[PDB]
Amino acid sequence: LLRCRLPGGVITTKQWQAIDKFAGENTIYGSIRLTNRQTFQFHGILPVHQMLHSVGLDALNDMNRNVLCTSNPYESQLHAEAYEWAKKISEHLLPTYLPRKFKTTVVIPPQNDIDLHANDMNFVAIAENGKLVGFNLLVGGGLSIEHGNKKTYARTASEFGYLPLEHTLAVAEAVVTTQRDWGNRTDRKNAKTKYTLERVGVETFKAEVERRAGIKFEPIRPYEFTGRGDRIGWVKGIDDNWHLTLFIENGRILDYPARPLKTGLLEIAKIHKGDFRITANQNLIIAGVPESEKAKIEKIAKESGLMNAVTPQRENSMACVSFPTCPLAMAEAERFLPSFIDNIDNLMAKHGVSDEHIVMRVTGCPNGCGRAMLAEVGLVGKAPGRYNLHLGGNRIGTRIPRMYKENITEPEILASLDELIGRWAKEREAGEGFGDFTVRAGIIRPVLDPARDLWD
């Protein structure tokens, strides 16, 4: 199990060819697994560092995870600057020994594809006239919980304030250091930033950050999110360039009979001008394709099965690795999702909502890697074939879903969703999401202050 440091998920075609080779020749599974933190993993490594180092990649005493960056902004020109900053924060934070692992992101509204509320530190980009002028800082997100332990909880990030671009690194360092200093020294399950904030208070923590950074936060500048999904298919970028985002189920890249996904990506990498971008939804973007090259790229993706059409539901569903490789797995996630979504697709069709989607995620255990604690419908593994069903998040991911039913099986889960999707399809207002509806309709009480009301 090896994972690479790849800020913003940007990887070159040369780097791709190198990782594709190693994956096929030096691992048990032979696959490339795209993660939801915009990087990749090999499974069952049978030397990798030399391979990495040779193509300029470095495999991550360091409590630091991959720094995320919105992959395909509507305003395409903003990506270059934002990415530049994600890369700088990444290198800046690179080795202090943090108690727990620290997760950071750079977000470009109105997209929350990187799922900011699952992270310790977030810089929401504010642009004026096509140029980034600063960041709104949100601190304190985290999703890991422990079954039945009411002292643990998922928490959304808190707004601290706005800072000019020039203060970015000073602020990044200051948040890291006060968490390091104030973080719980006695217990690891309470060492994360979300716990520290609740213990000392946001304002107390905020004041310390200003003190250390040598700045005073300005008031938060307006920002809104409209979604978290990728933009599957072709989208027009800057100049004569186009971006093709490929939906990859579970981000598992392998050649399947009649679906040579892995070889197809290699062929594209051989002729692709620009580079690739691994998304926070475990998908892949063939970035910067000249209009002249569109048909060539599309031909390979099409033939390889990389452009096989799926429902909007499937495009908005996610699961963690879980079995067979995860040592902490309680229930299947990745291997369960495909057939589970097959069933949800039938349910959506039955109720006349085949064109709709519900952000649905399955996580193999409460550690929460699948980000089910930010979904409209989240399934959390409790034991083989059994999950806790959570309802009530929203499409943009700013609300934690409360547990609706505990320790139930797939058949029981489907029966409940059949009933609820049916009600939503008929009783929902115009453009109302499933999560919001369950809260509006009184099907589940919302989680308003996680540290205090997440658990019944």
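Position 1 is the first residue in the sequence shown; the rest follow in order.
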property	result
Unresolved deposited residues in the interval that joins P95 and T96	10 or more
Unresolved deposited residues lying between neighbours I28 and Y29	none
334-342 versus 234-242 - which carries the larger mean C-alpha B factor in the record	234-242
Mean C-alpha temperature factor, higher of 302-310 and 362-370	302-310
Top Cα B factor in the deposited entry, candidates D120, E249, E198, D275	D275
Highest recorded Cα temperature factor - choice among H357, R386, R188, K206	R188
Third of the chain's Cα B-factor distribution that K150 belongs to, per the entry	middle
Within-chain third of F42 by Cα B-factor, per the entry	middle
Assigned third (lowest, middle, highest) for the C-alpha B factor of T177	middle
Among modelled residues of the same chain, the CA temperature factor third for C69	lowest
Lowest, middle or highest third - CA B-factor, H167	middle
